[PDB]
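Listed next as C-alpha cells: two forms of one protein chain, kept apart as structure 1 and structure 2.
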Structure 1
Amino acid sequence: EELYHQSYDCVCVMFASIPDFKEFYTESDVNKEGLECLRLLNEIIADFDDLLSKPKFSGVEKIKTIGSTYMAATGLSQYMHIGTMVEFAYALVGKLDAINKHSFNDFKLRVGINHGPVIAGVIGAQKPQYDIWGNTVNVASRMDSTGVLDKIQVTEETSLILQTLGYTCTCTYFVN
C-alpha cells in the first residue's frame, strides 16, 4: 500500500545506448531467428556489468537495461561521482570494442549523462521494478536519445562540473 521512495540530490544518471543494434538484429537461418543476436547482446551487457566489480566503479549502480540501452548511476549512496560516471561510460566503450573485434561487428555507444536530484522507488504490485524517476533522469535520457554515436552528450550544467574535474567538453557539450 506504501510507495517505496527515497529522494537523493545530485546523482549522476547515464543512458548508454547502442542505437545500431535494432538494425543488426535479424531473425533468419544464419541467426537462428534472433537467438544469435540476443546472445551477442547478452554478451555485451554481461561484459558491461563486469565493470561494476571494478573497485574503480564501486560507486556505480546499474539500475537496469531497456532493450540494449544501459542505465546506471553514481550518487545513490559533489562532482567526483559525476566524473566517475564519465569514466564508466568510457569503460563501456572499451568493452564494446573488445566485443566488436571478437564478433566482427562495429557497434557504437551513444551515451547521455546528467546529474541532479532524483527519486528512486519501486512501482507496481506484480513484478516490482526499482527505477530512478525525475527530471534529471528524463534529461539524462534526452542527452542519450539526442546524442551522437561514440560520444557522451552532457548538459550545460554538468559540463561545467566536469571541467571543474578535468574533462575538456566540446561545445551540445560532448566528451571523450
Structure 2
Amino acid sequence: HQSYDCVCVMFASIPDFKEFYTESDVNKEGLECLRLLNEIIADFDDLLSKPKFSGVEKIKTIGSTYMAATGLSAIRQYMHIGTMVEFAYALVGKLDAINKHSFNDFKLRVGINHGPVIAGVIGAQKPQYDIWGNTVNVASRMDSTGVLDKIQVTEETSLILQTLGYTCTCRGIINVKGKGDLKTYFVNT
C-alpha cells in the first residue's frame, strides 16, 4: 500500500434503480432486476477497453453505483481529471442506451473530486484493492448530494476543468460531515 499526490476519484450512482428493484414470484424474487443491473454494469465495463479510457481504473461497484479513478498508473499535468469527466459522459451514453431497450428512464448522478489518496490491499482473507483518504470521501459526497444528469465537482476540481474548456455553474454550499461547509459546482454542457 502506497500513497499518491493527484488521483481523480469518481462515483456514478443510478438512484432511480432502488425504486425499480422489486421481489415478486414473477421476477424470480428480484433476480430479473439484478439481471438488468448486470447488463448496465457490464456495458459500463465494456468502456474501460476503449483506448481513450486506458488510464481509467475501476475500483468497485457499491450497489448500483460505479466507482472509478484516474492517475493510479502514475508515480499536461492534470489531463487525467479531464478524462474522468470524459468517462462519466460515456456512462451516460451507455445508461441512455439501456433505457432505449429496457423501456426505462435511468438517470446517472455523478460526483468527481481529486487529490491525495492511499491505494492498496485490505483484508487478510480475499485481498481486494481499494483507495482511502479524504479525497475519496468528498468524491462520494459529491455523488450522494448530487443532482441527476449532472456532474458535481469541488472548487479546485472546477478551476481545473475550467483550464480545459469546461464551463461550470455554482451549485451552492454543502456540509460535508468532517470538513464542514464547502462550495461545489455543476459541470455545464
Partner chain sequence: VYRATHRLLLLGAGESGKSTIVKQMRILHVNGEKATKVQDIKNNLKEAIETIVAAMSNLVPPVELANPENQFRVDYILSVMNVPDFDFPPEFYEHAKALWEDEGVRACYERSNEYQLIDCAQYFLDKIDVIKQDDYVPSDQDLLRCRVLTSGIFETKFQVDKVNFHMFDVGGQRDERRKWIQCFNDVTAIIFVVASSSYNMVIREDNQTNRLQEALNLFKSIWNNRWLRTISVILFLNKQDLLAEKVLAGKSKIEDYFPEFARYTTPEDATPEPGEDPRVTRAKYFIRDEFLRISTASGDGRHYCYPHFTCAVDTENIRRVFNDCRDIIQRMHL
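For residue numbers, the reference is structure 1: its sequence is counted from 1. C-alpha atoms forming the largest set that superposes within 1.5 Å between two forms make up the rigid core.
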{"item": "Between structure 1 and structure 2, the form deposited with the partner chain bound", "value": "2"}
{"item": "Per-residue C-alpha deviation between structure 1 and structure 2 [residue 31; rigid core superposition; Å]", "value": "2.1"}
{"item": "Distance the CA of residue 126 travels between structure 1 and structure 2 [rigid core superposed, Å]", "value": "1.7"}
